[PDB]
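One structure is given here, and the rest of the page talks about it.
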Amino acid sequence: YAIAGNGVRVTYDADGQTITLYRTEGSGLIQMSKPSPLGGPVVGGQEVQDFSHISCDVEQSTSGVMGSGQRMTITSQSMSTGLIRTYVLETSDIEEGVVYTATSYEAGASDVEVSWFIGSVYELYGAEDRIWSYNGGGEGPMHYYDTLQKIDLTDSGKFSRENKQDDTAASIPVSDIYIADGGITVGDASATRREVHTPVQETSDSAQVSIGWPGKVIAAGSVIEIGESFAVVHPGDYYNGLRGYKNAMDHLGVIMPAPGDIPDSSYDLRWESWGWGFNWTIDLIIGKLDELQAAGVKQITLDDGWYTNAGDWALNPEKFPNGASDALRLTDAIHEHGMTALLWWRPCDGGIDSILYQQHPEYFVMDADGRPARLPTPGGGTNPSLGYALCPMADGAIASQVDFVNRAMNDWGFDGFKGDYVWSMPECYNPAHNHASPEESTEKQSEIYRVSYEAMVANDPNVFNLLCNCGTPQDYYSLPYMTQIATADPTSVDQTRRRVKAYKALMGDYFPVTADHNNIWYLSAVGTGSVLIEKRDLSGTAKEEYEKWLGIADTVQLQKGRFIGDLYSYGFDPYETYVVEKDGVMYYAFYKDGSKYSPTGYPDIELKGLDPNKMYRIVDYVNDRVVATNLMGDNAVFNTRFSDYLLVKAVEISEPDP
């Protein structure tokens, strides 16, 4: 009982009721998971472990969700509860290493109450001393939980992490665990948001990844579908798993922006207005335009403090005493100096003391007790800055968002918007809205994002749209309507670099991604291929450094290059590495300041991805020095010592150097 579509091989054992996963390399296969159970519901606080195999049927040539492939069905029966389980696994020929899972439950005797459903449990095989994991998250601590974590296998303790997707958690519903040989990625398969758990558990000698959904009462004689999930068995690191997941979900209607439709203003260097904090004035920004124009900045954004209240989105009289005239003047100055203008924005907010709530209570979300609800911070808390949420199924909220977009784009003059400081939508209990379920409000933020982006596009084909789910991984269902992605206020440099790699995997090689500006890491911004942006009012030696690195970024242009991340593996390679291709010439970035993963000694450096039949000269462009020469593409090994970083490029040479 086995199927194998492309790059995978799933086998089922009738006697033990276990599933084993493989991955194809060369002409053979590599084991990637030890035998694992199928999974079942949680009845009475304990998972049912009385399921008995009935029959298994395998179909060799079927068409399914992702196209042509294979499918086999497993039917099991439980005597204690009377439930009947049907398990369906699907693979496709075109897609490499993706498995589709579907579950259905039927109650034949009497009512069965289920508190949680469990499927697709897989345990890693071949682990030796450590396992690196990717966590979709959504509920973790805001600014201090890395999206990539290490599971040490020599520790006394154990590592467990439950990545939730609920009313207080909105992020990518994907988790991945990998070792040097490869890894396994499990993620949701749904075109719209729902409730899904992606736990990562450390076992006695390995780690586990799983999928889970909430349950409800199953009536007698009724068939209910629980959920669906995607399993990715890949070689390498989380980049391959995320890329496979994106390719798989491209078949469910979730399609990311194409490289030929991203506006050219997305790649331009940007300067935030955080230099003076909340005490900024129009005159200061106007007077700071000449220096940035000389340096090479081609984008200016307006941050917090310009509005009176959220929802109303009226101009603050303190910052704009003359009204729309001042905004037009600032926009005209920015345009005259050859730059575009953006605006700060909190999409789903509606305020607490705003006129929108004072005059129109009926567009907001109602709690269980009959009171307005507030936007939740990750975990379930409340921040004073955040206000009441706006129900997506009320026409007033959509009308207000469109009105604000049109007013900003046609009256004041602005070429884009910056979404910030919002995470999730609470449940609504208002009977007037006629909600089918209280969760209907939580599953429809994509409607607000889509409507706002449609208005923006209708006003101008080339627009800037970025959302900051600051602290946590960004909402997956807001991705199709963006043009740039940030790293959501990373705390350390390793965080922003790893998140840049992950978002390149999810989005695409050419998608604009920035490395944020919380701390000065120009090296990591340039080396990873991100967009260099700044917030401060710099003067002196740091000002000279800022201009120098702006010039380097302008003369290299790695933000418009192609990102390659499948060659090397993170956590099982001598250095933390990132590869960018620009006009044929390959660029490399090696790092050592990644406190999470830094090596001892000075290991040799191997450049892979080069033509074997070509001779290359390796020259650093930061200092204009030839580190190595006469290096054939096959060997491509040279020994060098550096403190923190090493940025190099492979310049082709027709004849050997002297």
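Ordered as shown in the structure tokens, chains take letters A, B, and onward, while each chain numbers its residues from 1 and ligands are numbered from 1 in the order shown.
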Exercise for the section: List the neighbours of region 106-114 of chain A out to 8 Å using only C-alpha atoms; skip same-chain residues closer than 5 positions along the sequence, and give me the result as a VMD selection string. Expected result: chain A and resid 41 to 44 81 to 85 215 to 224
Could you write out the selected residues, including C-alpha atoms, as a PDB file, in the first residue's frame?
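Done, and the output landed in again12.pdb:
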ATOM      1  CA  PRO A  41     -10.466  12.747  17.498  1.00  0.00           C
ATOM      2  CA  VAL A  42     -10.325  13.703  21.163  1.00  0.00           C
ATOM      3  CA  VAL A  43     -13.372  12.250  22.941  1.00  0.00           C
ATOM      4  CA  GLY A  44     -13.735  12.675  26.693  1.00  0.00           C
ATOM      5  CA  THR A  81     -17.438   5.396  19.951  1.00  0.00           C
ATOM      6  CA  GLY A  82     -19.029   3.935  16.813  1.00  0.00           C
ATOM      7  CA  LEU A  83     -17.259   6.415  14.533  1.00  0.00           C
ATOM      8  CA  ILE A  84     -16.033   5.521  11.044  1.00  0.00           C
ATOM      9  CA  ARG A  85     -12.933   7.252   9.672  1.00  0.00           C
ATOM     10  CA  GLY A 215     -14.479  19.788  16.322  1.00  0.00           C
ATOM     11  CA  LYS A 216     -18.225  19.784  16.890  1.00  0.00           C
ATOM     12  CA  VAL A 217     -21.022  17.378  17.765  1.00  0.00           C
ATOM     13  CA  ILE A 218     -21.525  14.656  15.153  1.00  0.00           C
ATOM     14  CA  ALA A 219     -25.150  13.578  14.826  1.00  0.00           C
ATOM     15  CA  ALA A 220     -26.088   9.963  14.180  1.00  0.00           C
ATOM     16  CA  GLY A 221     -26.034   9.044  10.503  1.00  0.00           C
ATOM     17  CA  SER A 222     -24.190  12.236   9.527  1.00  0.00           C
ATOM     18  CA  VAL A 223     -20.982  12.674   7.519  1.00  0.00           C
ATOM     19  CA  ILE A 224     -18.764  15.638   8.413  1.00  0.00           C
TER      20      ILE A 224
END
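Every protein or nucleic acid residue with an atom no more than 9 Å from residue 205 (chain A), counting only C-alpha atoms and leaving out same-chain residues fewer than 4 positions away, appears here: residues 127, 128 and 153 of chain A.
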Requested write-out: N, CA, C and O atoms of the selected residues, as a short mmCIF file (atom, residue, chain, number, x, y, z; two decimals), in the first residue's frame:
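Contents of again22.cif, as written:
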data_model
loop_
_atom_site.label_atom_id
_atom_site.label_comp_id
_atom_site.auth_asym_id
_atom_site.auth_seq_id
_atom_site.Cartn_x
_atom_site.Cartn_y
_atom_site.Cartn_z
N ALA A 127 17.74 12.06 12.82
CA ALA A 127 18.28 13.15 13.63
C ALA A 127 19.45 12.66 14.47
O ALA A 127 19.44 11.54 15.00
N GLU A 128 20.48 13.50 14.59
CA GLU A 128 21.70 13.13 15.30
C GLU A 128 21.91 13.94 16.57
O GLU A 128 22.02 13.37 17.66
N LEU A 153 18.94 17.89 20.96
CA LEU A 153 18.63 16.51 21.31
C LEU A 153 19.50 15.97 22.44
O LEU A 153 19.35 14.81 22.82
#
Exercise for the section: Find the spatial neighbours of residue 129 (chain A), counting only C-alpha atoms, within a cut-off of 10 Å - ignore same-chain residues fewer than 2 positions away - and output them as a ChimeraX atom specification. Expected result: /A:126-127,131,151-155,179,205-206
Export N, CA and C atoms of the chosen residues as an mmCIF file, in the first residue's frame?
data_model
loop_
_atom_site.group_PDB
_atom_site.id
_atom_site.type_symbol
_atom_site.label_atom_id
_atom_site.label_comp_id
_atom_site.auth_asym_id
_atom_site.auth_seq_id
_atom_site.Cartn_x
_atom_site.Cartn_y
_atom_site.Cartn_z
ATOM 1 N N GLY A 126 16.458 10.084 11.350
ATOM 2 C CA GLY A 126 17.843 10.384 11.052
ATOM 3 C C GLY A 126 18.452 11.520 11.841
ATOM 4 N N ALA A 127 17.742 12.062 12.825
ATOM 5 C CA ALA A 127 18.284 13.148 13.628
ATOM 6 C C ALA A 127 19.455 12.657 14.470
ATOM 7 N N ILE A 131 17.747 19.636 15.781
ATOM 8 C CA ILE A 131 16.713 19.798 14.767
ATOM 9 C C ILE A 131 16.310 21.265 14.732
ATOM 10 N N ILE A 151 15.931 22.710 18.292
ATOM 11 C CA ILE A 151 15.557 21.640 19.209
ATOM 12 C C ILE A 151 16.778 20.776 19.488
ATOM 13 N N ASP A 152 17.495 21.085 20.564
ATOM 14 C CA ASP A 152 18.656 20.292 20.941
ATOM 15 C C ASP A 152 18.223 18.911 21.413
ATOM 16 N N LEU A 153 18.936 17.886 20.956
ATOM 17 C CA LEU A 153 18.628 16.509 21.313
ATOM 18 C C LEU A 153 19.505 15.974 22.436
ATOM 19 N N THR A 154 20.417 16.785 22.961
ATOM 20 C CA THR A 154 21.222 16.417 24.116
ATOM 21 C C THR A 154 20.730 17.089 25.394
ATOM 22 N N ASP A 155 19.691 17.915 25.303
ATOM 23 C CA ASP A 155 19.196 18.646 26.457
ATOM 24 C C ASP A 155 18.500 17.711 27.441
ATOM 25 N N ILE A 179 16.487 18.576 9.122
ATOM 26 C CA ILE A 179 17.864 18.261 9.481
ATOM 27 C C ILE A 179 18.709 18.392 8.221
ATOM 28 N N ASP A 205 13.773 10.938 21.016
ATOM 29 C CA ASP A 205 14.960 11.046 20.179
ATOM 30 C C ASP A 205 14.761 11.831 18.888
ATOM 31 N N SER A 206 13.586 12.406 18.661
ATOM 32 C CA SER A 206 13.329 13.161 17.440
ATOM 33 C C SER A 206 12.304 14.244 17.760
#
Problem - Close residues, residue 629 (chain A) itself excluded, 8 Å, only C-alpha atoms, min 2 positions apart in chain, as a PyMOL selection string - result: chain A and resi 616-618+626-627+631+657
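Closest approach to residue 146 (chain A) among A:411, A:494, A:290, A:25: A:494, based on only C-alpha atoms.
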Problem - Every residue of region 569-652 of chain A that DSSP places in strand (DSSP E), as a VMD selection string - result: chain A and resid 576 to 582 585 to 591 605 to 606 615 to 620 625 to 632 637 to 638 645 to 652
Practice task
Might you pull out every residue within 9 Å of residue 477 (chain A), with only C-alpha atoms counted and same-chain residues fewer than 4 positions away left off, and present them as a VMD selection string?
Solution key: chain A and resid 171 to 172 191 to 193 254 445 to 446 481
Written selection (N, CA, C and O atoms) as a PDB file, in the first residue's frame:
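Final output, part.pdb:
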ATOM      1  N   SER A 171      -1.285  34.400  11.220  1.00  0.00           N
ATOM      2  CA  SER A 171       0.009  34.282  10.561  1.00  0.00           C
ATOM      3  C   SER A 171      -0.090  33.158   9.534  1.00  0.00           C
ATOM      4  O   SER A 171      -1.183  32.668   9.234  1.00  0.00           O
ATOM      5  N   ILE A 172       1.052  32.748   8.993  1.00  0.00           N
ATOM      6  CA  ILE A 172       1.083  31.643   8.037  1.00  0.00           C
ATOM      7  C   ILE A 172       0.854  30.338   8.788  1.00  0.00           C
ATOM      8  O   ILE A 172       1.587  30.032   9.739  1.00  0.00           O
ATOM      9  N   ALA A 191      -8.489  28.116   0.987  1.00  0.00           N
ATOM     10  CA  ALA A 191      -8.425  29.414   0.328  1.00  0.00           C
ATOM     11  C   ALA A 191      -8.849  30.560   1.234  1.00  0.00           C
ATOM     12  O   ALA A 191      -8.595  31.719   0.893  1.00  0.00           O
ATOM     13  N   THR A 192      -9.484  30.271   2.366  1.00  0.00           N
ATOM     14  CA  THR A 192      -9.914  31.289   3.310  1.00  0.00           C
ATOM     15  C   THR A 192      -9.431  30.916   4.704  1.00  0.00           C
ATOM     16  O   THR A 192      -9.163  29.749   4.999  1.00  0.00           O
ATOM     17  N   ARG A 193      -9.316  31.928   5.560  1.00  0.00           N
ATOM     18  CA  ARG A 193      -8.811  31.711   6.909  1.00  0.00           C
ATOM     19  C   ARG A 193      -9.784  30.873   7.730  1.00  0.00           C
ATOM     20  O   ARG A 193     -11.004  30.975   7.574  1.00  0.00           O
ATOM     21  N   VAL A 254      -5.060  30.901  -4.291  1.00  0.00           N
ATOM     22  CA  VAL A 254      -4.215  31.892  -3.635  1.00  0.00           C
ATOM     23  C   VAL A 254      -2.975  32.064  -4.507  1.00  0.00           C
ATOM     24  O   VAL A 254      -2.063  31.236  -4.484  1.00  0.00           O
ATOM     25  N   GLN A 445     -10.911  39.317   7.094  1.00  0.00           N
ATOM     26  CA  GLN A 445     -10.048  40.491   6.978  1.00  0.00           C
ATOM     27  C   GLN A 445      -9.556  40.686   5.548  1.00  0.00           C
ATOM     28  O   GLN A 445      -9.315  41.827   5.110  1.00  0.00           O
ATOM     29  N   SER A 446      -9.405  39.580   4.814  1.00  0.00           N
ATOM     30  CA  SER A 446      -8.991  39.655   3.421  1.00  0.00           C
ATOM     31  C   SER A 446      -9.954  40.492   2.596  1.00  0.00           C
ATOM     32  O   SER A 446      -9.540  41.116   1.617  1.00  0.00           O
ATOM     33  N   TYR A 481      -2.399  41.108  -1.894  1.00  0.00           N
ATOM     34  CA  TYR A 481      -2.717  42.507  -2.145  1.00  0.00           C
ATOM     35  C   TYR A 481      -1.587  43.450  -1.745  1.00  0.00           C
ATOM     36  O   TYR A 481      -1.814  44.656  -1.612  1.00  0.00           O
TER      37      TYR A 481
END
Neighbours of residue 535 (chain A) within 6 Å (only C-alpha atoms; same-chain residues fewer than 3 positions away dropped), as an mmCIF file with C-alpha atoms, in the first residue's frame?
data_model
loop_
_atom_site.group_PDB
_atom_site.id
_atom_site.type_symbol
_atom_site.label_atom_id
_atom_site.label_comp_id
_atom_site.auth_asym_id
_atom_site.auth_seq_id
_atom_site.Cartn_x
_atom_site.Cartn_y
_atom_site.Cartn_z
ATOM 1 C CA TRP A 271 13.341 57.221 4.352
ATOM 2 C CA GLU A 272 10.955 57.089 7.305
ATOM 3 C CA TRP A 274 10.842 58.773 12.641
ATOM 4 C CA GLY A 275 13.858 61.075 13.026
#
Practice task
Extract, using only C-alpha atoms, all DNA, RNA and protein residues at most 10 Å from region 434-440 of chain A, discarding same-chain residues fewer than 3 positions from it, and format them as number ranges by chain.
Solution key: A: 166-167, 193-195, 366-368, 391-393, 425-431, 443-445
Generate the output file for the selected residues, N, CA, C and O atoms, as a compact mmCIF listing (two decimals), in the first residue's frame.
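Saved as out_33.txt:
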# COMPACT_ATOMS: atom_id res chain seq x y z
N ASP A 166 -6.15 31.57 15.38
CA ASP A 166 -7.47 31.80 15.95
C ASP A 166 -7.71 33.31 16.00
O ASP A 166 -7.02 34.09 15.34
N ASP A 167 -8.70 33.73 16.80
CA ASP A 167 -9.07 35.13 16.87
C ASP A 167 -7.96 36.01 17.44
O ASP A 167 -8.01 37.23 17.28
N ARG A 193 -9.32 31.93 5.56
CA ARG A 193 -8.81 31.71 6.91
C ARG A 193 -9.78 30.87 7.73
O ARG A 193 -11.00 30.97 7.57
N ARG A 194 -9.23 30.03 8.60
CA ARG A 194 -10.02 29.27 9.56
C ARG A 194 -9.15 29.01 10.79
O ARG A 194 -8.10 29.64 10.96
N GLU A 195 -9.59 28.10 11.64
CA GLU A 195 -8.88 27.78 12.88
C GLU A 195 -8.09 26.49 12.69
O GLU A 195 -8.66 25.45 12.38
N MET A 366 -19.61 43.29 17.81
CA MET A 366 -20.26 43.19 19.10
C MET A 366 -19.80 41.92 19.81
O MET A 366 -19.78 40.84 19.21
N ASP A 367 -19.44 42.05 21.09
CA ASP A 367 -18.97 40.92 21.88
C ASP A 367 -20.16 40.09 22.35
O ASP A 367 -21.31 40.34 21.98
N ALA A 368 -19.89 39.09 23.19
CA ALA A 368 -20.95 38.19 23.65
C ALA A 368 -21.92 38.90 24.58
O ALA A 368 -23.13 38.63 24.54
N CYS A 391 -16.53 45.55 11.60
CA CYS A 391 -17.04 44.29 11.09
C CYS A 391 -16.95 44.27 9.57
O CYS A 391 -17.50 45.17 8.92
N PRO A 392 -16.28 43.29 8.97
CA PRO A 392 -16.12 43.29 7.51
C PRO A 392 -17.41 43.13 6.74
O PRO A 392 -17.45 43.49 5.55
N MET A 393 -18.47 42.62 7.35
CA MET A 393 -19.74 42.40 6.66
C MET A 393 -20.69 43.57 6.79
O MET A 393 -21.86 43.46 6.41
N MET A 425 -8.81 39.83 14.07
CA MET A 425 -10.18 40.32 14.18
C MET A 425 -10.95 39.50 15.20
O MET A 425 -11.01 38.27 15.09
N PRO A 426 -11.56 40.13 16.21
CA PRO A 426 -12.33 39.37 17.20
C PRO A 426 -13.67 38.91 16.64
O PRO A 426 -14.14 39.36 15.60
N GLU A 427 -14.28 37.98 17.37
CA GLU A 427 -15.58 37.43 16.97
C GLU A 427 -16.69 38.44 17.24
O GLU A 427 -16.61 39.26 18.15
N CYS A 428 -17.75 38.35 16.44
CA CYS A 428 -18.88 39.27 16.51
C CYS A 428 -20.15 38.52 16.85
O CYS A 428 -20.42 37.46 16.28
N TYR A 429 -20.94 39.07 17.78
CA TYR A 429 -22.18 38.46 18.23
C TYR A 429 -23.39 39.35 17.98
O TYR A 429 -24.43 39.17 18.63
N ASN A 430 -23.29 40.30 17.06
CA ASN A 430 -24.40 41.20 16.78
C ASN A 430 -25.47 40.48 15.97
O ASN A 430 -25.18 40.00 14.87
N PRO A 431 -26.71 40.37 16.47
CA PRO A 431 -27.76 39.71 15.68
C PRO A 431 -28.18 40.49 14.45
O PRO A 431 -28.71 39.88 13.51
N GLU A 443 -12.78 35.53 9.92
CA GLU A 443 -12.32 34.93 8.68
C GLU A 443 -12.47 35.86 7.48
O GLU A 443 -12.42 35.39 6.34
N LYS A 444 -12.65 37.17 7.69
CA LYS A 444 -12.95 38.06 6.57
C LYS A 444 -12.18 39.37 6.67
O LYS A 444 -12.70 40.44 6.35
N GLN A 445 -10.91 39.32 7.09
CA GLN A 445 -10.05 40.49 6.98
C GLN A 445 -9.56 40.69 5.55
O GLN A 445 -9.31 41.83 5.11
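One distance worth recording is that between CA of residue 174 (chain A) and CA of residue 188 (chain A), which is 6.8 Å.
Using only C-alpha atoms, the shortest contact distance between residue 650 (chain A) and any of A:329, A:53, A:582, A:288 is found at A:582.
Closest approach to residue 473 (chain A) among A:267, A:134, A:105, A:597: A:134, based on only C-alpha atoms.
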Practice task
Choose the residue, out of A:654, A:229, A:101, A:309, that has the smallest atom-to-atom separation from residue 387 (chain A); count only C-alpha atoms.
Solution key: A:309
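Minimum atom-to-atom distance to residue 332 (chain A), evaluated using only C-alpha atoms, belongs to A:415 out of A:261, A:57, A:291, A:415.
Comparing A:493, A:209, A:21, A:485 by their smallest distance to residue 7 (chain A), the closest is A:21 (using only C-alpha atoms).
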Handout entry: Separation of CA of residue 590 (chain A) from CA of residue 144 (chain A), in Å and rounded to one decimal
Key = 24.7 Å
